[PDB]
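Analysis of the macromolecular model
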Amino acid sequence: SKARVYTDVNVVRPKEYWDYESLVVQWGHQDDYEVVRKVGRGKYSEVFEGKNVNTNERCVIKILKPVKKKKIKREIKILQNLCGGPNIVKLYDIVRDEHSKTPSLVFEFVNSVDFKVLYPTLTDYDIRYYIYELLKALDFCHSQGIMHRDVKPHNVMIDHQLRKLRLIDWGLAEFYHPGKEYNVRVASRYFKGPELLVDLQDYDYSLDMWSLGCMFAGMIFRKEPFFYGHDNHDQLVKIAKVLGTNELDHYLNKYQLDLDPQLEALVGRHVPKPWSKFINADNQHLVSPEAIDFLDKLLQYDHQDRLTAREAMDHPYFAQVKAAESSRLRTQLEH
Ligand code: NA
Ligand code: NA
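Residues numbered from 1 in each chain as written, not as in the entry; some residues may be left out. Chains lettered and ligands numbered in written order. Heavy atoms only, no water. Residues with missing side-chain atoms left out of burial classes, pairs and counts.

Some words on the coordination of the sodium ion (ligand 1)
Binding of the sodium ion (ligand 1) to the protein goes through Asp150 (OD), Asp150 (OD), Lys152 (NZ) and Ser188 (OG), at separations of 2.2 to 2.9 Å. Between the donor residues of the sodium ion (ligand 1), the gaps in sequence give the motif D-x1-K-x35-S. (Donors = N, O, S within 2.8 Å, 3.2 Å for Na, K, Ca; no water.)

Here's what the structure looks like:
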């Protein structure tokens, strides 16, 4: 399998762009920063609000847990390559402790909450707006040869007053090289695409579009997580109970994959459950025929069949939000 969009970005670009294992990290000065307040704990890092001790400027300090140097260099290189792109978090500095050599990443202060915190106070219009903003981040990173590989509500930070979205936590992101077999142990279970669950290792940017579809289904149907499996096998079972097993058979045959016998027995046989069966009185204000059609075009087993980020932005569901962006950009271009 190879990506059908942005296929050769890292073939055309030289090794200095994507060869993160060779990066010579330009460390800043740890003494410039001080932790102020803990913000969150995660599997690979702890996040704090911090300050520059020289200027009192606020920042976010992400203290990385012990991991291989290659993974740290990867995140740094990706953040450096994407810095300044639309709706991508901005890396400001990289420092490490004098004695332990533990690295920290220093980011702009984001002044935001994650997408889930916002769910209860968002309307249909706000969902269309913020999903479009997330699509802009994904189209940009994909266009720069990078897959995020961990799209989920906690990695989408929103400053709701400024109507500003940022895609954060690039620690699982990778460069896309056509032909490369990647580790399938990425993303978070409920957002893993079927490629990760059937051991299709030569996946691409389209993984992020599955993850986005899972987020979108959870939002519009008020069912979080939408696919709630109890392990990686059961995650495929939950998907198959909705998409059905006929299309799973087609996918496996197309990519010359054989389900593990245990997984085959767990998945069994299932007819599809139409999207309309998830509508109820409590979520109907967020659902429309356009929303269902958009979702259906994201949640396809075959990664090549899914909408790309740019194709998603052109879907009728976003027609008004796209038009508003186009008009704004026009006036700024005339200015
Ligand atoms: Na994760
Ligand atoms: Na297909």
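Things to note about the UniProt feature "binding site: ATP" in the protein
When the UniProt feature table is mapped onto this chain numbering, "binding site: ATP" sits at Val39, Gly40, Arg41, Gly42, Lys43, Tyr44, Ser45, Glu46, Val47 and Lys62. In terms of the greatest pairwise C-alpha distance, the residues named above, spread along 24 residues, form a tight cluster of at most 14.2 Å across. Looking at the element boundaries, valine 39 is found in strand β1 (residues 33–41). Non-local contacts of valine 39, meaning those with residues more than four positions away in its chain, are made with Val47, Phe48 and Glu49. On the secondary structure map, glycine 40 appears in strand β1. Ignoring sequence-local partners within four residues, the contact set of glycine 40 consists of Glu46 and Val47. (UniProt positions renumbered as here; feature names shortened; annotations may be inferred. Helix = DSSP H or I, 4+ residues; strand = E, 2+ residues; numbered from the N terminus. Contact = heavy atoms within 4.5 Å.)

Structural notes on the coordination of the sodium ion (ligand 2)
Only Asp302 (OD) and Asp305 (OD) from the protein reach the sodium ion (ligand 2) as donors, at distances of 2.2 to 2.8 Å. Among the residues examined, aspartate 302 registers a relative accessible area of 7% and is labelled buried. (Buried < 20%, exposed > 50% of the residue type's maximum accessible area, 1.4 Å probe, protein only.)

Here we look at the packing of aromatic side chains
Where two aromatic rings form a pair, the distance of their centres and the angle of their planes describe that pair. All chains considered together, the criterion is met by 24 aromatic pairs. Between the aromatic rings of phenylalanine 115 and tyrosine 130, the centroid separation amounts to 6.2 Å while the plane-to-plane angle is 80°, which identifies the pairing as edge-to-face. Taken together, the positions of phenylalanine 115 in helix α4 (residues 115–118) and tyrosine 130 in helix α5 (residues 124–143) put the pair 15 residues apart, joining distant regions of the chain. Each ring, one from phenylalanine 221 and one from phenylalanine 278, has its centre 5.5 Å from the other, and the planes form 40°; the classification is tilted. Of the two residues, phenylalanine 221 sits in the loop between α7 (206–220) and α8 (232–243) while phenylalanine 278 sits in the loop between α10 (261–267) and α11 (289–298), which places them 57 residues apart along the sequence. In this pair, the class of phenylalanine 221 matches that of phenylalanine 278, namely buried. Among the aromatic side chains, those forming a connected cluster through ring pairs are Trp210, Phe221, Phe226, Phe227, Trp275 and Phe278. Lying over the aromatic face of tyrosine 17, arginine 13 brings its terminal NZ or CZ to 4.7 Å of the ring centre. A cation over an aromatic ring shows up here: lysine 273 above the ring of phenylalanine 278, its NZ or CZ 4.2 Å from the ring centre. (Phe/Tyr/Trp six-rings, centres within 6.5 Å; stacked < 30°, edge-to-face > 60°. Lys NZ or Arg CZ within 6 Å of the ring centre and 35° of its normal.)

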